[PDB]
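Overview (structure and organization)
Each chain is listed here by its residues.
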Amino acid sequence: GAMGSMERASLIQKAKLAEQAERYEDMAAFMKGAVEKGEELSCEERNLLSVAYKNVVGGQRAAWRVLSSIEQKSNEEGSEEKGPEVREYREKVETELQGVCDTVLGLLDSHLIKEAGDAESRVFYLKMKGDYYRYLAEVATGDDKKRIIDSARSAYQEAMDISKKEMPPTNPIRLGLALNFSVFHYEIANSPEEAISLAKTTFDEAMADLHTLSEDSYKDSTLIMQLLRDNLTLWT
Amino acid sequence: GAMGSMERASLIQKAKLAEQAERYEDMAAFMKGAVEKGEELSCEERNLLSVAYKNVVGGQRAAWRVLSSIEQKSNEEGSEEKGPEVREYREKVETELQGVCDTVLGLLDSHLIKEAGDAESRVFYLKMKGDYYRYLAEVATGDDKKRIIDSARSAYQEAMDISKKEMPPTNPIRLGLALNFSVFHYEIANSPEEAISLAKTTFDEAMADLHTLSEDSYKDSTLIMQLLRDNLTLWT
Amino acid sequence: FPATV
Amino acid sequence: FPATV
Ligand SMILES: *CC(=O)Nc1ccc(-c2nc3ccccn3c2NCc2ccccc2F)cc1
Ligand SMILES: *CC(=O)Nc1ccc(-c2nc3ccccn3c2NCc2ccccc2F)cc1
Ligand SMILES: [Ca+2]
Ligand SMILES: [Ca+2]
Ligand SMILES: [Ca+2]
Ligand SMILES: [Ca+2]
Ligand SMILES: [Ca+2]
Ligand SMILES: [Ca+2]
Ligand SMILES: [Ca+2]
Ligand SMILES: [Ca+2]
Ligand SMILES: [Ca+2]
Ligand SMILES: [Ca+2]
Ligand SMILES: [Ca+2]
Ligand SMILES: [Ca+2]
Ligand SMILES: [Cl-]
Ligand SMILES: [Cl-]
């Protein structure tokens, strides 16, 4: 790997610089290098990894959606034939996106998840696994589409089970996991009722636990609770 | 070149798709491929080329400025020593930026400028040459810094001479060239009075020619005139 | 599109 | 920073 010669601490330092410079591809490459050193990641380091790849894949997803929309319009009645270029370029972006997802899933499988024993790390990584299978599912159209969806579901479900047992209902990782699994239900699994039920239950159980929190913890939990509310408003 | 097997028209089509998807690195690569087909570029095609590389280098410049600022702060009295990482990463971004500038200048030299005979094409390309030498000058600190600055000046000056002879004072290429050469004077050549004089004269001569224009031409010229005014307001 | 984190 | 186009 190209980062093999750089110190772990230097990779982390440069990931933080890349973030400040909004150089998310660089940030992701630095954090991949850090993971490949073989040591477990701290809370801060896990969040550098997630932020980096979230931004990279987020840009790819936005581009893919633009191109998919153009492609869909090209296949409507009355649309003039413009040749293979739209499909080709959508496929190019799609392949790049799948590559990033596969890279992230590869890091999780080799060997972040298996060494993650604490709830906060294990749930975090399983949430990531669910998310990146979800992104693969967004672009899947073939024989393995059902299996990709089930891979996302399975990762989310394991994360949910651990989070319910080991974390308070206001824990931000627990809340974010539930937010995203709810979106999985609505957007991927064709299960809007499950999505709504999960968002509502999550919100209500968090509300009941807010009284236990400091001001700073309250702030962070309520931010994610508002996102649950926003989705519920969108869906009802 | 990786685009050698793709049709010129397909490269142009995909450049436009990349723009819609805000995939400016892709857009630039497609337009580089189009240039390397060896045919002259139309007005629309020249502007696809400029837009693509402007966005790529614009992002690099923004990142370079962030990192340079951090580096400068690290060399202040009382700043803790954090090792070579800030310098290294600033150098990485800088080298990437120089690479893009060299790529653009390479396309202009091989062979866009030499085949450009009409004022609108020749001035456009010479403006680009001035701009990309200006971006090289922004990061230059060595023995060739003066020569880089003079390369920018020389390209801008040739463009100015042609534009004054061959274009009306409201021509958007002429106006944009003058805007940018004025910024060159202020920010690169340590010549704020020249910058101000050029912006004012350009603005006033354009104002006097607006009466000749259609509504649409008026709109486009006045947009750039407002940028001249904005800079004058900043500088006075 | 719905919110995710 | 000043405006350029
Ligand atoms: C140790 C650890 O992981 N702690 C942690 C992770 C994430 C957050 C967090 N809070 C908020 C509030 C509002 C928006 C975004 N966040 C984040 N980051 C995104 C994120 C990532 C994973 C799980 C949940 C989640 F929200 C706070 C503390
Ligand atoms: C054929 C040709 O080149 N025509 C042309 C080029 C550029 C513009 C133009 N008008 C405006 C108004 C406001 C902002 C930006 N623009 C552009 N594009 C940027 C640009 C590039 C090169 C020279 C000048 C310039 F403004 C219109 C018509
Ligand atoms: Ca070491
Ligand atoms: Ca075509
Ligand atoms: Ca595909
Ligand atoms: Ca462990
Ligand atoms: Ca616990
Ligand atoms: Ca609604
Ligand atoms: Ca051909
Ligand atoms: Ca260091
Ligand atoms: Ca250098
Ligand atoms: Ca010619
Ligand atoms: Ca003329
Ligand atoms: Ca002022
Ligand atoms: Cl393509
Ligand atoms: Cl580096």
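Before going into details, it helps to say that this report is about the structure given with it. The residue numbers you see begin from 1 on each chain and track the sequence as written, which may not match the entry, and residues missing coordinates are not shown. Written order decides the labels, with chains lettered from A and ligands numbered from 1. Side-chain measures were taken over the full set of non-hydrogen atoms in the model, leaving aside hydrogen atoms and water.

1. Some remarks on the overall build of chain A
In this description a helix means any DSSP run of H or I spanning at least four residues, a strand means any run of E spanning at least two, and both kinds are numbered starting from the N terminus. For chain A, the count of helices and strands is nine helices and zero strands. The globule rule puts the C-alpha radius of gyration for 236 residues at 18 Å, and the 19 Å found for chain A is close to it. Its C-alpha atoms give chain A principal-axis dimensions of roughly 60 × 50 × 35 Å. Taking all 236 residues of chain A together, the buried fraction comes to 46%. To get the radius of gyration, use the C-alpha atoms; to get the globule rule, take the number of residues to the power 0.38 and multiply by 2.2 Å. Burial status follows relative accessibility: with a 1.4 Å probe on protein chains alone, a residue under 20% of its type maximum counts as buried, one over 50% as exposed, and anything between as partly exposed.

2. What to know about a negative patch on the surface
Patch membership requires over 30% relative accessible area and the absence of a salt bridge. Like charges are linked within 9 Å, and nonpolar side chains (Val, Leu, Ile, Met, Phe, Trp, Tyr) within 5 Å. Using a 1.4 Å probe, accessible areas were evaluated by the Shrake-Rupley method; residue-level cover was limited to the displayed protein chains. Put simply, a salt bridge is a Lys or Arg side-chain nitrogen that is within 4 Å of an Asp or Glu carboxyl oxygen. In this tally, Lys and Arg are treated as positive and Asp and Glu as negative; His is ignored, and so are the chain termini. One atom stands in for each charge, and that atom is NZ of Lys, CZ of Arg, CG of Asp or CD of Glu. Residues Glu39, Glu40, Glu115, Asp118, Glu120 and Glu166 of chain A make up a contiguous surface patch of negative charge. On the basis of relative accessible area, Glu120 of chain A is assigned to the partly exposed category, the value being 35%.

3. Focus: the interface of chain B and chain A
In this assembly, 23 residues from chain B lie in contact with 23 residues from chain A. Interface of chain B and chain A: buried area, both sides summed, is about 2,100 Å²; carbon and sulfur atoms make up 58% of it. Along the contact surface separating chain B from chain A lie six salt bridges. In this structure, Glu96 of chain B engages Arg23 of chain A in a salt bridge whose closest nitrogen and oxygen atoms are separated by 2.9 Å. When grouped by side-chain class, the residues that make up the side of chain B that touches chain A number eleven nonpolar, four polar and eight charged. Residue contacts follow a heavy-atom distance rule, with two residues in contact if any of their heavy atoms lie within 4.5 Å. By buried area we mean the combined loss of accessible area, with a 1.4 Å probe, across both parts when two parts are placed together. Put simply, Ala, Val, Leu, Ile, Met, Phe, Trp, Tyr, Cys and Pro go in the nonpolar bin, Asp, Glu, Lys and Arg in the charged bin, and everything else, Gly too, in the polar bin.

4. Side note on the site of ligand 2
The cutoff for a nearby residue is simple: one of its non-hydrogen atoms must lie within 4 Å of the molecule or strand. By nearness alone, every residue bordering ligand 2 is listed as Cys43, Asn47, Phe124, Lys127, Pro172, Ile173, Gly176, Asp220, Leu223 and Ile224 of chain B together with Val5 of chain D. The residues that come close to ligand 2 belong to more than one chain, namely chains B and D. Identification of polar contacts relies on pairs of N or O atoms within 3.5 Å, with a donor-acceptor requirement for protein atoms, meaning one able to donate a hydrogen and the other able to accept it, and with residues adjacent in sequence counted only if both atoms are side-chain atoms. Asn47 of chain B has a polar side-chain atom sitting 3.0 Å from an oxygen atom of ligand 2. The side chain of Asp220 of chain B places a nitrogen or oxygen atom 2.7 Å from a nitrogen atom of ligand 2. The fraction of the free accessible surface of ligand 2 (560 Å²) that becomes covered by protein chains is 73%. Those elements that provide at least two residues to the shell around ligand 2 are α3 (43–74), α5 (119–139), α7 (172–188) and α9 (215–235) of chain B. Broken down by class, the residue content of the shell around ligand 2 amounts to seven nonpolar, two polar and two charged.

5. Here we look at the arrangement of the chains
With three pairs of chains in contact overall, the greatest share of contacts is found between chains A and B. The two units chain B and chain C are non-contacting; their minimal C-alpha-C-alpha distance is 17 Å.

6. Describing the pattern of salt bridges
Pairing between side chains of opposite charge can happen when the charged atoms of each approach one another. Counted by the stated rule, this structure contains 36 salt bridges over all chains. When the shortest N-O distance is used, the salt bridge between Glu91 of chain B and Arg87 of chain B registers 3.2 Å. On the criterion of helical spacing, the pair formed by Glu91 of chain B and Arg87 of chain B is a turn pair, its members being four residues apart in helix α4 (residues 85–115). Classification of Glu91 of chain B by relative accessible area gives partly exposed; the value is 32%. Owing to a relative accessible area of 37%, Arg87 of chain B belongs among the partly exposed residues under this scheme. It is possible to trace a salt-bridge network through shared partners that takes in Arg23 and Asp26 of chain A together with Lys92 and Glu96 of chain B.

7. Section: helix α6 (residues 145–166) of chain A
An α-helical turn contains 3.6 residues, so a residue and the one three or four places further along point in the same direction. Residue and element names in this part refer to chain A. Here α6 is 22 residues long and its end C-alpha atoms lie 32 Å apart, about the 32 Å a rise of 1.5 Å per residue gives. Within α6, burial applies to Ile148, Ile149, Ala152, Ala155, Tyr156, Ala159, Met160, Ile162 and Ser163. Structurally, α6 contributes buried residues whose contacts are with α5 (119–139), α7 (172–188) and α8 (192–207). Under the convention used throughout, the expected extent of a helix is 1.5 Å for every residue step, that is, one less than its residue count.

8. Examining α7 of chain A
All names here are of chain A. With 17 residues, α7 should cover 24 Å at 1.5 Å per step; its first-to-last C-alpha distance of 23 Å lies within 8% of that length. Burial of α7 is extensive: 14 of the 17 residues sit out of reach of the surface. Capping of α7 at its N-terminal end is provided by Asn171; its side-chain oxygen lies 2.8 Å from the backbone amide nitrogen of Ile173. The positive-phi residue at the C-terminal boundary of α7 is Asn190, with phi of around 55°.

9. Quick word on the relation of the copies chain B and chain A
Each of the two chain copies can be brought onto the other by rotation about an axis and movement along it. Between chain B and chain A, the superposition needs a rotation of 180° and an axial shift of 0.0 Å, giving an RMSD of 0.0 Å. Here the symmetry operator amounts to a two-fold rotation axis. Proximity to the rotation axis, assessed at the C-alpha, singles out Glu25 of chain B in chain B; its C-alpha lies 6.3 Å from the axis. When the interface residues of chain B are mapped onto chain A, 100% of them again fall at the interface, so both copies present the same face. Superposing the copies is done by minimising, in the least-squares sense, the deviation of their C-alpha atoms.

10. Considerations on the site of ligand 1
Taken together, the neighbourhood of ligand 1 is formed by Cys43, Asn47, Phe124, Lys127, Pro172, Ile173, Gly176, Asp220, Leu223 and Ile224 of chain A together with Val5 of chain C. Mapping the residues adjacent to ligand 1 onto the chains of the assembly identifies chains A and C. Within the side chain of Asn47 of chain A, one N or O atom sits 3.0 Å away from an oxygen atom of ligand 1. Isolated, ligand 1 exposes 560 Å² of accessible area, and the fraction of that covered by the protein chains is 73%. Secondary-structure elements contributing two or more residues to the shell around ligand 1 are α3 (43–74), α5, α7 and α9 (215–235) of chain A.

11. Examining unusual backbone geometry
Residue and element names in this part refer to chain A. Backbone torsion omega between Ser110 and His111 reads 10°, so that peptide bond is classified as cis. On the secondary structure map, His111 appears in helix α4 (residues 85–115). Backbone geometry at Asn190 places phi at a positive 55°, although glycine is not the residue there. Examined against the element boundaries, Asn190 turns out to sit in the loop between α7 and α8.

12. Focus: the interface of chain D and chain B
Each partner contributes to the interface: chain D provides five residues, whereas chain B provides 14 residues. Each partner contributes to the roughly 820 Å² buried at the junction of chain D and chain B, and carbon and sulfur atoms together form 68% of this total. It is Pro2, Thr4 and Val5 of chain D in chain D that bury the most area against chain B; as a group they hold 69% of the surface buried on that side. Between the two partners, chain D and chain B, sit zero salt bridges. The interface formed by chain D and chain B includes three residue pairs in polar contact. The residue inventory of the side of chain D that touches chain B, partitioned by class, reads four nonpolar, one polar and no charged.

In short, shape yes, function no, at least from these values alone.
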